[PDB]
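In each ligand, atom 1 is the first atom listed, and ligand 1 is the first ligand listed. For the single chain, residues carry numbers from 1 onward in sequence order.
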Amino acid sequence: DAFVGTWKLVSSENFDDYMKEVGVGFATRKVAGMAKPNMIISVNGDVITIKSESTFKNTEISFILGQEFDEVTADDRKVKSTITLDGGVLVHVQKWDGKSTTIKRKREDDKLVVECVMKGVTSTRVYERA
Ligand SMILES: CCCCC[C@H]1CCc2nc(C3(COC)CCCC3)c(-c3nnn[nH]3)c(-c3ccccc3)c2C1
């Protein structure tokens, strides 16, 4: 389907502001800001796996749509995550400390477009097939 593949980050807008809003400290934002991860999405039956791979940080989640799971994020938050498919978009909410953030992954033409929202801050990251 639309999401399976290896997707290399090619553009990012407002990610520093987004990380700051989430609570990431300056030193960590500095390393992240310049990073160009690959996002590797695969599916096996009911289980979707998403890996992010980069020089300074690798992460992986596996999940079933609509089933809450515990996630340790790249920035070491311990969150409760739920991912659903709504109108073709993978909508990922992370909840922690009465806070939330959403990560929406959408397929647009040749691109994987990822919108991250924390309060009034929105970051848009575009990835293209490796
Ligand atoms: C180098 C350590 C940096 C730690 C700071 C953290 C800050 C939060 C954060 N959030 C995300 C997303 C948002 O999730 C809330 C962005 C859209 C997908 C998930 C990503 C990411 N994953 N895949 N693509 N972008 C990364 C990240 C991971 C590896 C390299 C660069 C950035 C980081 C790094």
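Checking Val79, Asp75, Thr102, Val31 against atom 8 (C) of ligand 1, the nearest heavy atom belongs to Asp75. Nearest to atom 26 (C) of ligand 1 by heavy atom, out of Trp7, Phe15, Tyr18, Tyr127, is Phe15. Closest heavy-atom approach to atom 3 (C) of ligand 1 within the set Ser12, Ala32, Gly33: this belongs to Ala32.
Per-residue contacts place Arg77 under 4.0 angstrom from the following atoms of ligand 1 (heavy atoms of the residue considered): 15 (C). Near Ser54, meaning under 4.0 Å from one of its heavy atoms, ligand 1 places the atoms 29 (C), 30 (C). For ligand 1, the atoms sitting less than 4.0 Å from at least one non-hydrogen atom of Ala35 are 30 (C), 31 (C), numbered in the order shown with element in parentheses. The atoms of ligand 1 that sit less than 4.0 Å from any heavy atom of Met19 are 7 (C). Each of the following atoms of ligand 1 lies closer than 4.0 Å to a heavy atom of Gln94: 15 (C). Of all atoms in ligand 1, listed by their number and element, those nearer than 4.0 Å to a heavy atom of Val114 are 17 (C). Each of the following atoms of ligand 1 lies closer than 4.0 Å to a heavy atom of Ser52: 22 (N), 23 (N), 24 (N).
Polar contact with ligand 1: absent for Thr101 (N/O pair, distance under 3.5 Å).
When only non-hydrogen protein atoms are considered, atom 18 (C) of ligand 1 lies nearest to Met39 CE, 3.8 Å. Of the protein's heavy atoms, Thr28 CG2, 3.6 Å lies nearest to atom 5 (C) of ligand 1. Looking only at protein heavy atoms, the nearest one to atom 27 (C) of ligand 1 is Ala74 CB, 4.4 Å. Atom 14 (O) of ligand 1 has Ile103 CG1, 3.8 Å as its closest protein atom, hydrogens excluded (heavy atom only). Counting only heavy atoms of the protein, atom 2 (C) of ligand 1 lies nearest to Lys57 CB, 3.7 Å. Protein heavy atom closest to atom 21 (C) of ligand 1, with residue, atom name and distance, is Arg125 NH2, 4.1 Å.
Between the side chain of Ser123 and the backbone N or O of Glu13, at least one donor-acceptor pair lies under 3.5 Å. Between the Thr101 side chain and the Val117 main chain, a donor and an acceptor come within less than 3.5 Å of each other. At distances below 3.5 Å, not a single donor-acceptor pair connects side-chain atoms of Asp76 with backbone N or O atoms of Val72.
In this structure, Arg107 is not positioned above the aromatic face of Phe3 in the sense of NZ or CZ being under 6.0 Å from the six-membered ring centre and within 45° of the axis.
Within the 4.0 Å heavy-atom cutoff, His92 does not count among the residues contacting ligand 1.
Neither side chain, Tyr127 nor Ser11, offers a donor N or O lying under 3.5 Å from an acceptor on the other. Between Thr102 and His92, the side chains place no donor N or O within less than 3.5 Å of an acceptor N or O (distance only, hydrogens not considered). In summary, the side chains of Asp86 and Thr84 do not present any donor paired with an acceptor at a separation below 3.5 Å, with no hydrogens or angles considered.
Taking every heavy atom of both residues into account, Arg125 and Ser12 meet most closely at NH1-OG, 3.0 Å. Shown here for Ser81 and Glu71, the closest heavy-atom pair between the two residues is OG-OE1, 2.6 Å.
Less than 4.0 angstrom separates atom 30 (C) of ligand 1 from at least one non-hydrogen atom of the protein.
A salt bridge does not link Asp70 to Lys78: none of the charged side-chain nitrogens sits closer than 4.0 Å to a carboxylate oxygen. Residues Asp109 and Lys111 are not paired through a salt bridge, judged by the lack of any N-O separation under 4.0 Å between the basic side chain and the carboxylate.
In this structure, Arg29 and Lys20 have side chains that are in contact, with non-hydrogen atoms separated by less than 4.5 Å.
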